[PDB]
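A.B. asks: Pasting my_file37.pdb below, which is PDB, C-alpha atoms (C1' of nucleotides) and all ligand atoms.
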ATOM      1  CA  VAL O   4      -8.186  72.308-102.572
ATOM      2  CA  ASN O   5      -6.040  69.357-101.389
ATOM      3  CA  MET O   6      -9.209  67.589-100.185
ATOM      4  CA  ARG O   7      -8.802  68.740 -96.567
ATOM      5  CA  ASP O   8     -10.372  72.201 -96.249
ATOM      6  CA  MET O   9     -13.409  71.069 -98.245
ATOM      7  CA  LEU O  10     -13.801  68.061 -95.955
ATOM      8  CA  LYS O  11     -13.488  70.349 -92.936
ATOM      9  CA  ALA O  12     -15.937  73.092 -93.848
ATOM     10  CA  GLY O  13     -19.155  71.477 -95.056
ATOM     11  CA  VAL O  14     -18.722  69.922 -98.458
ATOM     12  CA  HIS O  15     -19.146  66.184 -97.799
ATOM     13  CA  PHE O  16     -22.815  66.563 -96.914
ATOM     14  CA  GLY O  17     -26.186  66.508 -98.622
ATOM     15  CA  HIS O  18     -29.965  66.859 -98.309
ATOM     16  CA  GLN O  19     -30.848  63.601 -96.535
ATOM     17  CA  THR O  20     -31.841  60.580 -98.625
ATOM     18  CA  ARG O  21     -35.643  60.727 -98.750
ATOM     19  CA  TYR O  22     -35.254  63.837-100.922
ATOM     20  CA  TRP O  23     -32.812  63.370-103.788
ATOM     21  CA  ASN O  24     -32.578  63.410-107.571
ATOM     22  CA  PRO O  25     -31.549  60.179-109.350
ATOM     23  CA  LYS O  26     -29.412  62.196-111.777
ATOM     24  CA  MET O  27     -27.063  62.881-108.836
ATOM     25  CA  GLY O  28     -26.429  59.167-108.289
ATOM     26  CA  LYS O  29     -23.118  59.218-110.152
ATOM     27  CA  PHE O  30     -21.724  61.743-107.640
ATOM     28  CA  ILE O  31     -22.864  60.129-104.372
ATOM     29  CA  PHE O  32     -20.103  58.240-102.577
ATOM     30  CA  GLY O  33     -22.624  56.657-100.227
ATOM     31  CA  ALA O  34     -25.192  57.191 -97.502
ATOM     32  CA  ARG O  35     -24.359  57.686 -93.823
ATOM     33  CA  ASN O  36     -27.133  57.703 -91.197
ATOM     34  CA  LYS O  37     -29.985  58.360 -93.652
ATOM     35  CA  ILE O  38     -27.934  61.251 -95.104
ATOM     36  CA  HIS O  39     -26.238  61.170 -98.495
ATOM     37  CA  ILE O  40     -22.471  61.674 -98.724
ATOM     38  CA  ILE O  41     -20.880  63.466-101.678
ATOM     39  CA  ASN O  42     -17.822  61.875-103.289
ATOM     40  CA  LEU O  43     -15.248  64.619-102.786
ATOM     41  CA  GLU O  44     -12.888  62.865-105.211
ATOM     42  CA  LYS O  45     -15.051  63.723-108.221
ATOM     43  CA  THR O  46     -15.868  67.299-107.204
ATOM     44  CA  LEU O  47     -12.262  68.541-107.066
ATOM     45  CA  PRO O  48     -11.502  68.178-110.817
ATOM     46  CA  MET O  49     -14.764  69.961-111.629
ATOM     47  CA  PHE O  50     -13.936  72.703-109.124
ATOM     48  CA  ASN O  51     -10.489  73.223-110.634
ATOM     49  CA  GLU O  52     -11.912  73.196-114.166
ATOM     50  CA  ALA O  53     -14.367  75.909-113.132
ATOM     51  CA  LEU O  54     -11.444  77.831-111.625
ATOM     52  CA  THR O  55      -9.511  77.704-114.904
ATOM     53  CA  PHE O  56     -12.595  78.663-116.914
ATOM     54  CA  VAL O  57     -13.255  81.683-114.695
ATOM     55  CA  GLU O  58      -9.584  82.685-114.819
ATOM     56  CA  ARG O  59      -9.433  82.546-118.617
ATOM     57  CA  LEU O  60     -12.779  84.314-119.025
ATOM     58  CA  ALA O  61     -11.648  87.108-116.691
ATOM     59  CA  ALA O  62      -8.747  87.842-119.051
ATOM     60  CA  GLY O  63     -10.624  89.804-121.698
ATOM     61  CA  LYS O  64     -12.723  92.212-119.610
ATOM     62  CA  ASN O  65     -15.893  90.155-119.197
ATOM     63  CA  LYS O  66     -18.478  89.928-116.422
ATOM     64  CA  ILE O  67     -19.548  87.143-114.060
ATOM     65  CA  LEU O  68     -22.973  87.595-112.478
ATOM     66  CA  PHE O  69     -23.107  86.118-108.976
ATOM     67  CA  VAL O  70     -26.437  84.708-107.782
ATOM     68  CA  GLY O  71     -26.507  83.805-104.108
ATOM     69  CA  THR O  72     -29.912  84.880-102.823
ATOM     70  CA  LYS O  73     -30.602  82.808 -99.687
ATOM     71  CA  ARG O  74     -30.634  83.162 -95.918
ATOM     72  CA  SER O  75     -27.181  83.962 -94.515
ATOM     73  CA  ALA O  76     -25.880  83.364 -98.054
ATOM     74  CA  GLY O  77     -26.798  86.476-100.039
ATOM     75  CA  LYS O  78     -25.094  88.638 -97.422
ATOM     76  CA  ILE O  79     -21.698  86.975 -97.871
ATOM     77  CA  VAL O  80     -22.180  87.415-101.625
ATOM     78  CA  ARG O  81     -22.764  91.128-101.060
ATOM     79  CA  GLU O  82     -19.590  91.650 -99.018
ATOM     80  CA  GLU O  83     -17.716  89.410-101.449
ATOM     81  CA  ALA O  84     -18.841  91.774-104.217
ATOM     82  CA  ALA O  85     -16.431  94.360-102.859
ATOM     83  CA  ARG O  86     -13.035  93.392-104.282
ATOM     84  CA  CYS O  87     -12.849  91.907-107.827
ATOM     85  CA  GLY O  88     -16.020  93.842-108.653
ATOM     86  CA  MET O  89     -18.456  91.888-110.863
ATOM     87  CA  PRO O  90     -22.261  92.171-110.679
ATOM     88  CA  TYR O  91     -24.278  90.347-108.061
ATOM     89  CA  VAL O  92     -27.768  89.672-106.750
ATOM     90  CA  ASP O  93     -28.612  88.723-103.172
ATOM     91  CA  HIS O  94     -32.350  89.450-102.914
ATOM     92  CA  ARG O  95     -35.150  87.916-104.974
ATOM     93  CA  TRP O  96     -34.479  87.453-108.685
ATOM     94  CA  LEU O  97     -36.826  89.600-110.765
ATOM     95  CA  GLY O  98     -38.640  87.613-113.425
ATOM     96  CA  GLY O  99     -37.149  88.135-116.863
ATOM     97  CA  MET O 100     -33.972  89.870-115.712
ATOM     98  CA  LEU O 101     -31.944  88.345-118.563
ATOM     99  CA  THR O 102     -34.725  88.136-121.168
ATOM    100  CA  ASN O 103     -36.724  91.312-120.451
ATOM    101  CA  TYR O 104     -33.496  93.187-119.699
ATOM    102  CA  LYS O 105     -34.437  96.053-122.029
ATOM    103  CA  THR O 106     -37.321  97.022-119.743
ATOM    104  CA  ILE O 107     -35.203  96.759-116.583
ATOM    105  CA  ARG O 108     -32.760  99.210-118.159
ATOM    106  CA  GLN O 109     -35.454 101.813-117.459
ATOM    107  CA  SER O 110     -35.649 100.906-113.772
ATOM    108  CA  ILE O 111     -31.850 101.048-113.539
ATOM    109  CA  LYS O 112     -31.969 104.538-115.059
ATOM    110  CA  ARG O 113     -34.645 105.519-112.535
ATOM    111  CA  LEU O 114     -32.452 104.223-109.703
ATOM    112  CA  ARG O 115     -29.542 106.287-111.013
ATOM    113  CA  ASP O 116     -31.741 109.392-111.204
ATOM    114  CA  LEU O 117     -33.005 108.896-107.648
ATOM    115  CA  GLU O 118     -29.492 108.285-106.319
ATOM    116  CA  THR O 119     -28.293 111.493-107.970
ATOM    117  CA  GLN O 120     -31.313 113.408-106.657
ATOM    118  CA  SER O 121     -31.016 112.332-103.021
ATOM    119  CA  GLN O 122     -27.220 112.511-102.607
ATOM    120  CA  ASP O 123     -26.496 115.822-104.378
ATOM    121  CA  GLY O 124     -26.664 117.698-101.092
ATOM    122  CA  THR O 125     -30.195 116.527-100.179
ATOM    123  CA  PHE O 126     -32.112 118.119-103.038
ATOM    124  CA  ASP O 127     -35.221 116.640-101.390
ATOM    125  CA  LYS O 128     -35.902 120.016 -99.741
ATOM    126  CA  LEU O 129     -39.705 119.749 -99.894
ATOM    127  CA  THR O 130     -42.475 118.716 -97.492
ATOM    128  CA  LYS O 131     -41.486 116.085 -94.939
ATOM    129  CA  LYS O 132     -44.600 114.059 -95.829
ATOM    130  CA  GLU O 133     -43.020 113.220 -99.214
ATOM    131  CA  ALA O 134     -39.258 113.108 -98.595
ATOM    132  CA  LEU O 135     -39.623 109.938 -96.523
ATOM    133  CA  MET O 136     -41.682 108.317 -99.289
ATOM    134  CA  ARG O 137     -39.090 109.211-101.919
ATOM    135  CA  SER O 138     -36.235 107.950 -99.736
ATOM    136  CA  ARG O 139     -37.959 104.646 -98.973
ATOM    137  CA  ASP O 140     -38.745 104.123-102.667
ATOM    138  CA  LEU O 141     -35.078 104.772-103.438
ATOM    139  CA  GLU O 142     -34.064 102.235-100.788
ATOM    140  CA  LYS O 143     -36.526  99.688-102.183
ATOM    141  CA  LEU O 144     -35.104 100.067-105.692
ATOM    142  CA  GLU O 145     -31.565  99.864-104.303
ATOM    143  CA  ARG O 146     -32.262  96.672-102.347
ATOM    144  CA  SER O 147     -33.002  94.838-105.612
ATOM    145  CA  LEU O 148     -31.020  96.586-108.356
ATOM    146  CA  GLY O 149     -27.852  97.715-106.558
ATOM    147  CA  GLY O 150     -25.757  94.702-107.495
ATOM    148  CA  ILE O 151     -26.256  95.043-111.250
ATOM    149  CA  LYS O 152     -25.913  98.828-111.425
ATOM    150  CA  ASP O 153     -22.938  98.220-113.742
ATOM    151  CA  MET O 154     -22.929  95.765-116.694
ATOM    152  CA  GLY O 155     -24.847  97.644-119.352
ATOM    153  CA  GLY O 156     -24.743  94.450-121.418
ATOM    154  CA  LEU O 157     -25.599  90.820-120.850
ATOM    155  CA  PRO O 158     -23.133  88.826-118.722
ATOM    156  CA  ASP O 159     -21.009  86.316-120.590
ATOM    157  CA  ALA O 160     -21.272  83.680-117.832
ATOM    158  CA  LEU O 161     -23.753  83.330-114.962
ATOM    159  CA  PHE O 162     -22.544  81.868-111.654
ATOM    160  CA  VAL O 163     -25.390  80.408-109.586
ATOM    161  CA  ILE O 164     -25.275  78.787-106.153
ATOM    162  CA  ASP O 165     -28.449  76.645-106.040
ATOM    163  CA  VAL O 166     -29.929  75.178-109.211
ATOM    164  CA  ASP O 167     -33.291  74.279-107.696
ATOM    165  CA  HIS O 168     -33.916  77.365-105.554
ATOM    166  CA  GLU O 169     -33.099  79.762-108.417
ATOM    167  CA  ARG O 170     -34.373  77.712-111.350
ATOM    168  CA  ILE O 171     -35.839  80.808-113.044
ATOM    169  CA  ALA O 172     -32.438  82.429-113.567
ATOM    170  CA  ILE O 173     -30.929  79.195-114.883
ATOM    171  CA  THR O 174     -33.879  78.679-117.235
ATOM    172  CA  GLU O 175     -33.599  82.109-118.816
ATOM    173  CA  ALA O 176     -29.793  81.868-118.912
ATOM    174  CA  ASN O 177     -30.220  78.648-120.893
ATOM    175  CA  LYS O 178     -32.722  80.416-123.148
ATOM    176  CA  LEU O 179     -30.170  83.152-123.851
ATOM    177  CA  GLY O 180     -27.529  80.442-124.318
ATOM    178  CA  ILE O 181     -24.887  81.771-121.921
ATOM    179  CA  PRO O 182     -22.761  79.503-119.690
ATOM    180  CA  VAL O 183     -23.931  78.639-116.178
ATOM    181  CA  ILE O 184     -21.677  77.735-113.240
ATOM    182  CA  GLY O 185     -23.661  76.086-110.469
ATOM    183  CA  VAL O 186     -23.123  74.455-107.090
ATOM    184  CA  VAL O 187     -25.466  71.468-107.250
ATOM    185  CA  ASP O 188     -26.553  69.723-104.059
ATOM    186  CA  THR O 189     -27.984  66.219-103.741
ATOM    187  CA  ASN O 190     -31.635  67.224-104.136
ATOM    188  CA  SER O 191     -31.053  69.473-107.176
ATOM    189  CA  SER O 192     -30.852  68.719-110.895
ATOM    190  CA  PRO O 193     -27.646  69.039-112.957
ATOM    191  CA  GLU O 194     -29.702  69.464-116.131
ATOM    192  CA  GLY O 195     -29.405  72.936-117.642
ATOM    193  CA  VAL O 196     -25.984  73.911-116.267
ATOM    194  CA  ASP O 197     -22.730  73.618-118.193
ATOM    195  CA  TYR O 198     -20.184  73.146-115.394
ATOM    196  CA  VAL O 199     -21.411  71.228-112.350
ATOM    197  CA  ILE O 200     -19.928  71.633-108.876
ATOM    198  CA  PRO O 201     -21.325  68.792-106.736
ATOM    199  CA  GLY O 202     -20.987  70.511-103.368
ATOM    200  CA  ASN O 203     -23.010  71.083-100.228
ATOM    201  CA  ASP O 204     -25.469  73.913 -99.665
ATOM    202  CA  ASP O 205     -26.920  75.502 -96.521
ATOM    203  CA  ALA O 206     -23.404  75.744 -95.034
ATOM    204  CA  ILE O 207     -21.962  79.194 -94.346
ATOM    205  CA  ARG O 208     -18.394  77.881 -94.330
ATOM    206  CA  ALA O 209     -18.946  76.084 -97.640
ATOM    207  CA  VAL O 210     -20.386  79.103 -99.460
ATOM    208  CA  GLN O 211     -17.659  81.273 -97.941
ATOM    209  CA  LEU O 212     -15.067  78.918 -99.424
ATOM    210  CA  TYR O 213     -16.715  78.911-102.851
ATOM    211  CA  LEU O 214     -17.045  82.697-103.030
ATOM    212  CA  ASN O 215     -13.494  83.337-101.827
ATOM    213  CA  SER O 216     -12.156  80.833-104.363
ATOM    214  CA  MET O 217     -14.137  82.584-107.105
ATOM    215  CA  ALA O 218     -12.852  85.978-105.958
ATOM    216  CA  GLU O 219      -9.200  84.938-105.943
ATOM    217  CA  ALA O 220      -9.557  83.147-109.289
ATOM    218  CA  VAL O 221     -11.144  86.156-110.981
ATOM    219  CA  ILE O 222      -8.543  88.457-109.403
ATOM    220  CA  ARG O 223      -5.753  86.317-110.852
ATOM    221  CA  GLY O 224      -7.496  86.318-114.224
ATOM    222  CA  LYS O 225      -7.913  90.094-114.072
ATOM    223  CA  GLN O 226      -4.249  90.705-113.238
ATOM    224  CA  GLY O 227      -3.427  89.604-116.795
TER     225      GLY O 227
ATOM    226  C1'   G V   1     -73.319 116.830-131.915
ATOM    227  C1'   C V   2     -75.765 116.634-127.228
ATOM    228  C1'   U V   3     -78.035 113.739-123.131
ATOM    229  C1'   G V   4     -79.985 109.500-119.550
ATOM    230  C1'   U V   5     -78.619 104.917-117.100
ATOM    231  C1'   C V   6     -75.829 101.014-114.731
ATOM    232  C1'   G V   7     -72.893 104.443-111.137
ATOM    233  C1'   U V   8     -69.218 108.759-108.489
ATOM    234  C1'   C V   9     -69.587 101.636-108.479
ATOM    235  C1'   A V  10     -63.689 100.926-108.248
ATOM    236  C1'   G V  11     -62.905  99.053-111.752
ATOM    237  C1'   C V  12     -61.002  98.791-117.415
ATOM    238  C1'   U V  13     -56.639  97.828-120.170
ATOM    239  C1'   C V  14     -51.811  97.928-122.907
ATOM    240  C1'   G V  15     -45.947  97.173-124.082
ATOM    241  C1'   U V  16     -42.061  93.745-123.245
ATOM    242  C1'   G V  17     -41.055  88.929-120.898
ATOM    243  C1'   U V  18     -42.750  83.925-119.489
ATOM    244  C1'   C V  19     -46.667  79.296-119.651
ATOM    245  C1'   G V  20     -50.055  76.604-123.386
ATOM    246  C1'   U V  21     -50.882  73.312-130.110
ATOM    247  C1'   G V  22     -54.633  76.867-129.286
ATOM    248  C1'   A V  23     -58.862  80.023-127.496
ATOM    249  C1'   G V  24     -56.215  82.265-123.478
ATOM    250  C1'   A V  25     -53.323  82.973-118.741
ATOM    251  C1'   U V  26     -49.660  85.757-115.578
ATOM    252  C1'   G V  27     -49.255  90.745-114.325
ATOM    253  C1'   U V  28     -54.616  92.285-111.973
ATOM    254  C1'   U V  29     -53.281  85.987-107.444
ATOM    255  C1'   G V  30     -51.954  85.419-101.819
ATOM    256  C1'   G V  31     -51.766  88.032 -95.814
ATOM    257  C1'   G V  32     -53.190  92.352 -93.769
ATOM    258  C1'   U V  33     -55.432  97.624 -94.261
ATOM    259  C1'   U V  34     -58.329 101.480 -96.476
ATOM    260  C1'   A V  35     -63.797 105.397 -98.647
ATOM    261  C1'   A V  36     -60.648 103.502-103.170
ATOM    262  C1'   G V  37     -56.707  98.281-108.034
ATOM    263  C1'   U V  38     -55.524 103.161-101.051
ATOM    264  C1'   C V  39     -51.119 101.405 -99.036
ATOM    265  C1'   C V  40     -47.519  97.705 -97.126
ATOM    266  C1'   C V  41     -45.396  92.760 -97.214
ATOM    267  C1'   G V  42     -44.574  88.886-100.494
ATOM    268  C1'   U V  43     -44.411  86.998-105.548
ATOM    269  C1'   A V  44     -42.225  85.059-113.761
ATOM    270  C1'   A V  45     -43.047  89.059-113.876
ATOM    271  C1'   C V  46     -40.855  93.993-115.008
ATOM    272  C1'   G V  47     -43.471  98.639-116.347
ATOM    273  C1'   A V  48     -47.237 102.050-118.028
ATOM    274  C1'   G V  49     -52.048 104.323-119.152
ATOM    275  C1'   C V  50     -57.423 105.590-118.156
ATOM    276  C1'   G V  51     -59.825 105.655-113.513
ATOM    277  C1'   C V  52     -59.255 106.775-106.982
ATOM    278  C1'   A V  53     -56.818 110.930-104.371
ATOM    279  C1'   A V  54     -54.665 115.979-104.810
ATOM    280  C1'   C V  55     -54.968 120.602-108.041
ATOM    281  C1'   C V  56     -60.878 124.251-108.650
ATOM    282  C1'   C V  57     -65.688 126.817-106.045
ATOM    283  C1'   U V  58     -68.297 127.826-101.232
ATOM    284  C1'   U V  59     -68.493 127.615 -95.610
ATOM    285  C1'   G V  60     -65.846 127.757 -90.468
ATOM    286  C1'   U V  61     -60.688 130.614 -87.505
ATOM    287  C1'   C V  62     -57.016 134.339 -87.709
ATOM    288  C1'   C V  63     -53.311 138.150 -90.139
ATOM    289  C1'   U V  64     -52.189 142.328 -93.733
ATOM    290  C1'   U V  65     -54.027 145.741 -97.165
ATOM    291  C1'   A V  66     -58.398 150.066 -97.770
ATOM    292  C1'   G V  67     -62.717 152.809 -95.277
ATOM    293  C1'   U V  68     -67.350 154.990 -99.464
ATOM    294  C1'   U V  69     -72.539 155.006-100.675
ATOM    295  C1'   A V  70     -70.763 150.774 -95.656
ATOM    296  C1'   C V  71     -69.220 150.954 -89.715
ATOM    297  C1'   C V  72     -69.583 153.900 -84.967
ATOM    298  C1'   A V  73     -65.266 152.271 -79.802
ATOM    299  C1'   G V  74     -63.146 157.609 -78.031
ATOM    300  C1'   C V  75     -64.515 163.196 -78.340
ATOM    301  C1'   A V  76     -68.061 168.117 -79.486
ATOM    302  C1'   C V  77     -73.148 169.122 -80.828
ATOM    303  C1'   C V  78     -77.689 167.532 -81.416
ATOM    304  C1'   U V  79     -83.733 168.977 -83.042
ATOM    305  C1'   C V  80     -81.658 163.048 -80.065
ATOM    306  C1'   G V  81     -81.708 160.191 -86.548
TER     307        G V  81
HETATM  308 MG    MG O 301     -55.980  92.926-119.582
HETATM  309 MG    MG O 302     -51.864  92.686-121.985
HETATM  310 MG    MG O 303     -48.753  90.054-122.459
HETATM  311 MG    MG O 304     -45.277  79.814-127.582
HETATM  312 MG    MG O 305     -60.297  92.810-113.718
HETATM  313 MG    MG O 306     -56.620  88.580-116.301
HETATM  314 MG    MG O 307     -55.341  91.059-101.957
HETATM  315 MG    MG O 308     -53.969 103.768-108.517
HETATM  316 MG    MG O 309     -61.514 113.232-108.095
END
Could I get this file's structure written as structure tokens?
C.D. replies:
Amino acid sequence: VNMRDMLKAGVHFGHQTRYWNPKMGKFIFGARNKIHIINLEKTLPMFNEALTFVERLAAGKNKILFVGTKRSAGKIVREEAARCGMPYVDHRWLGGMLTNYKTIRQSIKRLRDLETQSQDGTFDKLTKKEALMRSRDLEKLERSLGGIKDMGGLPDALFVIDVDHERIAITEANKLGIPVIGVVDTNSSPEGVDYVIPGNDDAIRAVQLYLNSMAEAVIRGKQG
RNA sequence: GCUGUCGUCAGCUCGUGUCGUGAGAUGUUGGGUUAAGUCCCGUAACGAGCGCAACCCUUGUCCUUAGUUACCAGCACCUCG
């Protein structure tokens, strides 16, 4: 937005220059002190195009799955999940979540049953050597499946934050043929994603900006 | 049909998903721990079954129920059982 806040937060930065993908060469403005610099001129049109796509997809009661699992990055995804709804994941991505989704329906049902059982006035009124085990199993299931408790169907567009770190999700999203919105850094590969956002990673301010922009865009799209 | 043995050793597999042209692989590998594929943490795997364990019999402590053919603390007698 207006080239200033992005410059301030973290965007014009990359993953050194020893580690990089040649397919990113068209986005690099240059190198500064053995560190690559992202051309912020090219990223703004792509960012705005992603904004319009999310806004127009929101109008129609669809779902955007947010993938942000990373240190200090999945958390902000989780608190961004409140407001504008939409499913999310912030812990490890289970293998075959979008291709073996029929099986994971069963685990979601089990999570729902456990949540009903524990929070119906503490029905776990049995031996104390088993209530703790049941509660910790419930917490373990929650810690992975809580974000996607909703969305009985497949999402119509998957928003990822790091192509390389979460390549499994992008691969199976491509296999299912559903759009992918990704924030590609210098060391990652743009291949496999539809809309590319050549921005920085590993920056709390940057990811905060991206998630808040997504939230406001989807809110505007949802307002109709 | 019934039985021995490896061996009461902790192992043997399947559904869906993914990798390979294929036989196949992953799950079931890795760090710890346990009598145990026992458990935890991690992880293209998510789950489940047969096994392990518990549920059964006996032994050790105590409570309640009842005292005959069993028992004898208190009392009378005893021919002194
Ligand atoms: Mg097998
Ligand atoms: Mg199998
Ligand atoms: Mg298989
Ligand atoms: Mg094949
Ligand atoms: Mg084996
Ligand atoms: Mg095997
Ligand atoms: Mg091991
Ligand atoms: Mg077992
Ligand atoms: Mg047994």
A.B. asks: Compute the set of chain O residues within 8 Å of chain V, using all atoms listed in the file, and express it as JSON, numbers by chain.
C.D. replies: {"O": [97, 98, 99, 102, 103, 106, 107, 171]}
A.B. asks: With a distance cut-off of 9 Å and all atoms listed in the file, select the neighbouring residues of residue 214 (chain O), excluding the residue or stretch itself and same-chain residues fewer than 3 positions from it, and output the selection as an mmCIF file with C-alpha atoms, keeping the file's coordinate frame.
C.D. replies:
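Contents of selection_1.cif, freshly written:
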data_model
loop_
_atom_site.group_PDB
_atom_site.id
_atom_site.type_symbol
_atom_site.label_atom_id
_atom_site.label_comp_id
_atom_site.auth_asym_id
_atom_site.auth_seq_id
_atom_site.Cartn_x
_atom_site.Cartn_y
_atom_site.Cartn_z
ATOM 1 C CA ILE O 79 -21.698 86.975 -97.871
ATOM 2 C CA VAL O 80 -22.180 87.415 -101.625
ATOM 3 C CA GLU O 83 -17.716 89.410 -101.449
ATOM 4 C CA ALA O 209 -18.946 76.084 -97.640
ATOM 5 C CA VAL O 210 -20.386 79.103 -99.460
ATOM 6 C CA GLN O 211 -17.659 81.273 -97.941
ATOM 7 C CA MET O 217 -14.137 82.584 -107.105
ATOM 8 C CA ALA O 218 -12.852 85.978 -105.958
ATOM 9 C CA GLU O 219 -9.200 84.938 -105.943
#
A.B. asks: With the PyMOL selection byres (((chain O and resi 145) around 12) and not hetatm) as the selection, what would be picked from this file? Answer as a PyMOL selection string, please.
C.D. replies: chain O and resi 92-94+110-118+138-144+146-152
A.B. asks: When you draw a straight line from CA of residue 76 (chain O) to CA of residue 52 (chain O), how long is it in Å?
C.D. replies: 23.6 Å
A.B. asks: What does the list of residues within 10 Å of ligand MG 301 (chain O) look like if you count all atoms listed in the file, written as a count of residues only?
C.D. replies: 5
A.B. asks: Give me, as a PyMOL selection string, the set of residues whose atoms come within 8 Å of any atom of ligand MG 308 (chain O), counting only C-alpha atoms (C1' of nucleotides) and all ligand atoms.
C.D. replies: chain V and resi 37-38+51-52
A.B. asks: Give as a list in words the residues surrounding ligand MG 309 (chain O) up to a distance of 12 Å, considering all atoms listed in the file.
C.D. replies: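 Answer in the requested format: residues 8, 36, 51, 52, 53, 54, 55 and 56 of chain V.
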A.B. asks: Choose the residue, out of V:49, V:67, V:22, V:1, that has the smallest atom-to-atom separation from ligand MG 302 (chain O); count only C-alpha atoms (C1' of nucleotides) and all ligand atoms.
C.D. replies: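 Smallest separation from ligand MG 302 (chain O) among the options: V:49.
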A.B. asks: Run the PyMOL selection byres (((chain O and resi 178) around 12) and not hetatm) mentally over the shown coordinates, then write out the matched residues as a PDB file with C-alpha atoms (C1' of nucleotides), in the frame of the given file, using the chain letters and numbers from the document.
C.D. replies:
ATOM      1  CA  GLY O  99     -37.149  88.135-116.863  1.00  0.00           C
ATOM      2  CA  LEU O 101     -31.944  88.345-118.563  1.00  0.00           C
ATOM      3  CA  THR O 102     -34.725  88.136-121.168  1.00  0.00           C
ATOM      4  CA  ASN O 103     -36.724  91.312-120.451  1.00  0.00           C
ATOM      5  CA  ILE O 171     -35.839  80.808-113.044  1.00  0.00           C
ATOM      6  CA  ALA O 172     -32.438  82.429-113.567  1.00  0.00           C
ATOM      7  CA  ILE O 173     -30.929  79.195-114.883  1.00  0.00           C
ATOM      8  CA  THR O 174     -33.879  78.679-117.235  1.00  0.00           C
ATOM      9  CA  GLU O 175     -33.599  82.109-118.816  1.00  0.00           C
ATOM     10  CA  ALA O 176     -29.793  81.868-118.912  1.00  0.00           C
ATOM     11  CA  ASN O 177     -30.220  78.648-120.893  1.00  0.00           C
ATOM     12  CA  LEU O 179     -30.170  83.152-123.851  1.00  0.00           C
ATOM     13  CA  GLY O 180     -27.529  80.442-124.318  1.00  0.00           C
ATOM     14  CA  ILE O 181     -24.887  81.771-121.921  1.00  0.00           C
ATOM     15  CA  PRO O 182     -22.761  79.503-119.690  1.00  0.00           C
ATOM     16  CA  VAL O 183     -23.931  78.639-116.178  1.00  0.00           C
ATOM     17  CA  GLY O 195     -29.405  72.936-117.642  1.00  0.00           C
ATOM     18  CA  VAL O 196     -25.984  73.911-116.267  1.00  0.00           C
TER      19      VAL O 196
ATOM     20  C1'   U V  18     -42.750  83.925-119.489  1.00  0.00           C
TER      21        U V  18
END
A.B. asks: Neighbours of ligand MG 307 (chain O) at 9 Å or closer, counting all atoms listed in the file: which residues, as a PDB file with C-alpha atoms (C1' of nucleotides), keeping the file's coordinate frame?
C.D. replies:
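Saved the output as result.pdb:
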ATOM      1  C1'   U V  29     -53.281  85.987-107.444  1.00  0.00           C
ATOM      2  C1'   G V  30     -51.954  85.419-101.819  1.00  0.00           C
ATOM      3  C1'   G V  31     -51.766  88.032 -95.814  1.00  0.00           C
ATOM      4  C1'   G V  32     -53.190  92.352 -93.769  1.00  0.00           C
TER       5        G V  32
END
A.B. asks: Between CA of residue 158 (chain O) and CA of residue 13 (chain O), what is the spacing in Å?
C.D. replies: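 Result for CA of residue 13 (chain O) versus CA of residue 158 (chain O): 29.6 Å, one decimal.
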A.B. asks: How many Å lie between CA of residue 62 (chain O) and CA of residue 227 (chain O), rounded to one decimal?
C.D. replies: 6.0 Å
A.B. asks: Report as a PDB file with C-alpha atoms, keeping the file's coordinate frame the full result of the PyMOL selection byres (((chain O and resi 189) around 6) and not hetatm) when it is applied to this structure.
C.D. replies:
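Below is the file selection-v1.pdb, written as the result:
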ATOM      1  CA  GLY O  17     -26.186  66.508 -98.622  1.00  0.00           C
ATOM      2  CA  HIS O  18     -29.965  66.859 -98.309  1.00  0.00           C
ATOM      3  CA  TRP O  23     -32.812  63.370-103.788  1.00  0.00           C
ATOM      4  CA  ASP O 188     -26.553  69.723-104.059  1.00  0.00           C
ATOM      5  CA  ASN O 190     -31.635  67.224-104.136  1.00  0.00           C
ATOM      6  CA  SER O 191     -31.053  69.473-107.176  1.00  0.00           C
TER       7      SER O 191
END
A.B. asks: With all atoms listed in the file as the basis for distance, which of O:58, O:153, O:123, O:204 is at the shortest distance from residue 108 (chain O)?
C.D. replies: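 Ranked by minimum distance to residue 108 (chain O), first place goes to O:153.
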A.B. asks: May I ask you to write as a ChimeraX atom specification all residues lying at most 9 Å from ligand MG 304 (chain O), with all atoms listed in the file counted?
C.D. replies: /V:19-21
A.B. asks: Just want the 12 Å neighbourhood of residue 32 (chain O), counted on all atoms listed in the file, with same-chain residues fewer than 4 positions away dropped. Output as an MDAnalysis selection string.
C.D. replies: chainID O and resid 15:17 27:28 38:46 189 201
A.B. asks: Would you compute, for all listed atoms of region 76-89 of chain O, the axis-aligned bounding box grown by 6 Å on each side, and then report its centre and edge lengths in Å rounded to one decimal, as JSON?
C.D. replies:
{"center_x": -19.8, "center_y": 88.9, "center_z": -104.1, "size_x": 25.9, "size_y": 23.0, "size_z": 25.4}
A.B. asks: Find, counting all atoms listed in the file, the residue in O:33, O:90, O:185, O:124 that gets nearest to residue 164 (chain O).
C.D. replies: O:185
